[PDB]
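Going line by line, the protein sequences match chains A and B. All you need for the working numbering is the position in the first sequence, starting with 1, plus 1415. All you need for the working numbering is the position in the second sequence, starting with 1, plus 6. Let me begin by presenting the structure, written as structure tokens, before commenting on it.
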Amino acid sequence: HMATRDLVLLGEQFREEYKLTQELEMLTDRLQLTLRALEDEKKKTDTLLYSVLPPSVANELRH
Amino acid sequence: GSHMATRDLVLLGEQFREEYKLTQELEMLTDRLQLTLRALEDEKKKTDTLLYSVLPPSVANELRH
């Protein structure tokens, strides 16, 4: 017993779930970009931390 | 000797706070992810109910086991 109402409404349910997965994709895309921004910031911080050291000590830490 | 001048110290302080700003954005985004997942769970149970509801009760009961 699937009337026209139930069929239309099932169609609308699928569409609502797609809007939500589209939001999940946008969020995860942004999360990956913000992680990359953190990686880039960290590279700068790390450089600054090495820069204040005596070179033989810096050398020793780099491995 | 080491050479951490006042400039280097101040800048390192600025590096740390720039990084906290980024981790705060990461926490916000992850919060929104979990909120969006919860809305999807809520929507999925409505869809699920609709799909059971159109079946003969016996069939739905049988699938529910």
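For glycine and all other residues, C-beta sits at the position ideal for the given N, C-alpha and C.
- Contact between the segment 21 to 28 of chain B and the segment 1466 to 1476 of chain A is absent: fewer than 3 CB-CB pairs across the two stretches fall below 8 Å.
- Per DSSP, the continuous alpha helix (DSSP H) segment holding residue 19 of chain B begins and ends at 12 to 59.
- Under a 10 Å Cβ-count criterion, residue 1442 of chain A is classified as buried, with 16 or more other Cβ atoms of the shown protein chains found around its own Cβ.
- Close partners of residue 1452 of chain A in chain B (Cβ separation under 8 Å): 28.
- For residue 1470 of chain A, the secondary structure class from DSSP, reduced to helix, strand or coil, is helix.
- Taking C-beta separations shorter than 7 Å and ignoring five residues to either side along the sequence, residue 17 of chain B has no partners in its chain.
- Between residue 7 of chain B and residue 1469 of chain A, the gap from beta carbon to beta carbon is short of 8 Å.
- Taking a C-beta distance under 8 Å as the contact criterion, residue 52 of chain B and residue 1428 of chain A qualify as a contact pair.
- For residue 1440 of chain A, the closest of B/71, B/42 and B/9 by C-alpha to C-alpha distance is B/42.
- A straight line joining the alpha-carbon of residue 46 of chain B with that of residue 1452 of chain A spans about 29 Å.
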